[PDB]
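Provide a 3D model corresponding to the input given below.
(5 chains, ligands or ions: 1)
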Amino acid sequence: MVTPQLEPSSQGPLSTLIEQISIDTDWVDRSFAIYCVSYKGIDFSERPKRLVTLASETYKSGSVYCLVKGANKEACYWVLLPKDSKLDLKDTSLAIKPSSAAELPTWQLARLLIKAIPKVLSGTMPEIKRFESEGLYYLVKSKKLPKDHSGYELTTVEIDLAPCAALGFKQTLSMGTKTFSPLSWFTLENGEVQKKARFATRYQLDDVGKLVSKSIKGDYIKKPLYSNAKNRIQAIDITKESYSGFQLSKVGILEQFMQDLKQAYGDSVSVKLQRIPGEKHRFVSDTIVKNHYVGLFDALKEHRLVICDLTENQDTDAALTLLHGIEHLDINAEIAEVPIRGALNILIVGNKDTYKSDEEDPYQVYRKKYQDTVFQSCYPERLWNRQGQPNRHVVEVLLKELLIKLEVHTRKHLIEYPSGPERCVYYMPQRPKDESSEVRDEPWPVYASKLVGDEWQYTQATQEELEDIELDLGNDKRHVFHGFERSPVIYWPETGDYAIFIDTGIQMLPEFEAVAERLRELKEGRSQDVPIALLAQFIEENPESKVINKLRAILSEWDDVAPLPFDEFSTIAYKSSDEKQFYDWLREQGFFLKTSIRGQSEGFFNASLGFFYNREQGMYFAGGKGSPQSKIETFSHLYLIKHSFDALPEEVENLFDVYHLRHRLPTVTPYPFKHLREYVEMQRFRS
Amino acid sequence: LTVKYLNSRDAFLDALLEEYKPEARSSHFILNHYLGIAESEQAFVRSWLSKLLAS
DNA sequence: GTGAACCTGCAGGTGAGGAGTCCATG
DNA sequence: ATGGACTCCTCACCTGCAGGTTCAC
DNA sequence: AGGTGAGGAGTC
Ligand SMILES: [Mg+2]
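Residues are numbered from 1 along each chain as shown, chains lettered A, B, ... in the order given. See below for the structure:
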């Protein structure tokens, strides 16, 4: 099989994939105790109740800091106890066997040293029962409950380890938001706890380290307030160059985690991350996208566009608003009371669930009858924003999608796409829309597209082609012809080659140590008040500088003896040529106030921009455009390409160069896989 | 008669909040947790409190 | 000689953001 | 009374102006 | 029945 033979790395983007874990086995074996509770070879068909009781009874007795579960086909479970400890269990259905701390896989042991010994890093053994569920939960936010209750809802960030199946079971970190709610909110007034909260693990807050931990006594359970909902914490934040706001993100807690493994273990255990090699990185500007979209709209100009309304209880000027939005782009449309045949149509419909089952849905009816016409639809609520103003973005999206279907219908491209590998056929599996299609292995139809001359040909793949593909796939046929999630494939008939693109799981991280050091220096600098004499000296020494006019103003409104604080310099920016010298001159004397952190020469914020491609390993990722902002809310992912090639063809690189699949952002999906996916949608109404 | 106009100062309040609860970590956390204002009502609060204490 | 493109990287974001009191009526 | 694994759900994005360089005629 | 991605809740 193929192994993840990466490189030791010297430079490049930083990854959440752990490179090496170092643990001193002597310091762990001589300081703790590991046992083994074997339930193998008893009965594999009577697992449920016996496993339940196994876990519960193993928790029942013994001073146990933590316990992890071993592999399903491996030795026992794994437990951690302090020195001179006992795992005495009365029942002998399972056998105990003391072992050492050098006989376990590294990640399992490191998980144990991450959970319970960092939570006890102040106090231990004060009571009978103690345990930590999983990970560490730091605190970032609290919210007050409605007036009828008491307490707060808490927001936490979780750090833990997990495997990565795509890269040979290599270890990855994780960071996730979890929410805690008080107990009384789920308990009825009659003392009857609701069914969900009757059996729930309880937790307790702390006032020193801001860590939520396990305890039998406590007024918190792990569940949100109302129902299925989401809470999230931003990735990074450098607003106004503050070091307090940088400490409350998902990369600020990660900096604290590395400072807590040092103050409890010293240098015995350390975690080192991996840098993916990279030499080809293409930043995308803003002008290129703009010029692309202009030519996008020009082609749509020379056609006919009709808007129709089919709501029952007609209300709102949705047609007028949409037409205004369209006409602001020099595209002229019209309003019709019934859809016209042979012209592009945008229809306004209602909620799909409302209409009865045998009711003849306007959309379905007016589709099935007119079978040579392109269609679009929208709900009337999406054209107005939160504050009532019209939403432009929706209008642009609708127009672009219309053009895509028109391109499919006419079988000839209208705008200049790049070129791709030739003599290849595109296959896409398609899940049945029947609700009975919960069968995992049930065969699916597969649709095929190809290019001959200048015309695309679309047809449903025959049985023979499907037999041909699976033979050459090999061990990779499971991703194409098996499972609840089936991925498309490009196939070469002459040589028997395939292309599959797989999401892996790594989130790209930017630099966070180098940013933190700078922010701390700025915080220390912005504490003192600058003396008046220094400013007078600067005025005398540089008569020609233009900044003087600003300075003289401030000094004229202030006391002649009291020192000047930082907030009086807000009117001068760090932008012009004569404005940089002033701040640098103050820096030489010990006053550091402003600096540059988002320059492209610095290279800190490069993991969230541009398009990145590595050919020999087949790794790529895409991010934003322009310049970094103060607030970023998502981490980019990492993808891998699986091939049977001796050397991957140089023509694949061109399929990721289209700027109208992610609406002004680079994409991570080939363009020929979009058109075909719009042909498997207008084929569910033909018959 | 002496007259003085007071602007907003954030570094003035930052240190004071830290001294009020010396065992915490940041300033926004102290303001949100021990005091009772959420993230929406933070800029306006900072604004008046700074001037009041400065006077 | 000049004025149109052309090319970085620093700021700033919906509105604005509360007490106190007189008199007649079934 | 317990742990870690698939499947379905909801939520956010889709900048902007100012100052220094440069051709293109 | 805007879209593509990145990601938090509820159970065998
Ligand atoms: Mg569609």
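
C-alpha from now on. contacts and neighbour counts both.
Noted.

need the residues of the stretch 251-400 of chain A near DNA strand C, please.
Residues of the stretch 251-400 of chain A lying close to DNA strand C (Cα under 7 Å from any atom of the strand) are A:285, A:287, A:387.

quick check: the first one touching residue A:609?
If I follow you right, that is residue A:285. No - with contact defined as Cα atoms under 8 Å, residue A:285 and residue A:609 do not form a contacting pair (10.3 Å).

joint contacts of the two?
A:625-626 (Cα atoms under 8 Å, 6 or more residues apart in numbering or on different chains).

so what's the most centrally placed residue in chain B up against?
Centrality entry for chain B: nearest residue to the mean C-alpha point is residue B:13, 4.0 Å, by Cα atoms, centre = their mean. Counting by Cα under 8 Å, 6+ apart, residue B:13 touches B:46, B:50.

that's a helix at it, yeah?
Yes - counting by DSSP: H, G, I helix; E, B strand; the rest coil, residue B:13 falls inside a helix.

so the closest residue to residue A:419 other than its chain neighbours, which state does it fall into?
Of all residues not flanking residue A:419 in the chain, residue A:654 sits nearest, at 6.5 Å (Cα to Cα, 6 or more residues apart in numbering or on different chains). When classified by three-state DSSP, residue A:654 comes out as helix.

now residue A:654: how far from residue A:278?
Separation of residue A:654 from residue A:278 (Cα to Cα, to the nearest Å) stands at 18 Å.

equivalent analysis for residue A:72, please.
Counting by Cα to Cα, the gap from residue A:72 to residue A:278 is 38 Å.

and what of residue B:39?
For residue B:39 relative to residue A:278 (Cα to Cα), the value is 40 Å.

how about residue A:194?
From residue A:194 to residue A:278 the distance is 55 Å (Cα to Cα).

now do residue B:14
According to Cα to Cα, residue B:14 stands 42 Å off from residue A:278.

helices along chain B, start to end?
Remark: helices assigned in chain B by DSSP state H are B:10-20, B:27-33, B:43-54.

most tightly packed of those helices?
Greatest average neighbour count among these goes to helix B:27-33 (a mean of 18), per mean count of other Cα atoms under 10 Å in any protein chain shown.

so which bits of chain B are right by DNA strand C?
Applying Cα under 7 Å from any atom of the strand, one finds that chain B approaches DNA strand C through B:40-41, B:43-44.

chain A too?
So chain A meets DNA strand C at A:239-240, A:285, A:287, A:387, A:573-575, A:596-601, A:626-631 (Cα under 7 Å from any atom of the strand).

in strands only, show me those residues.
Members of the residues of chain A next to DNA strand C lying in strands (criterion: DSSP state E): residue A:631.

which among the residues of chain A next to DNA strand C count as buried?
A:597, A:627 (16 or more other Cα atoms under 10 Å in any protein chain shown).

filter the residues of chain A next to DNA strand C down to the ones in helices?
The helices, defined by DSSP H, take in residue A:287 from the residues of chain A next to DNA strand C.

figure out how far stretch A:456-471 is from the centre of its chain.
Computed by Cα atoms, centre = their mean, to the nearest Å, the chain-centroid distance of stretch A:456-471 equals 35 Å.

buried set for that stretch?
A:458, A:461, A:469.

can you show me the helices along the stretch 51-200 of chain A?
Secondary structure of the stretch 51-200 of chain A (DSSP state H, counting those that start in this stretch): helices at A:106-119, A:195-198.
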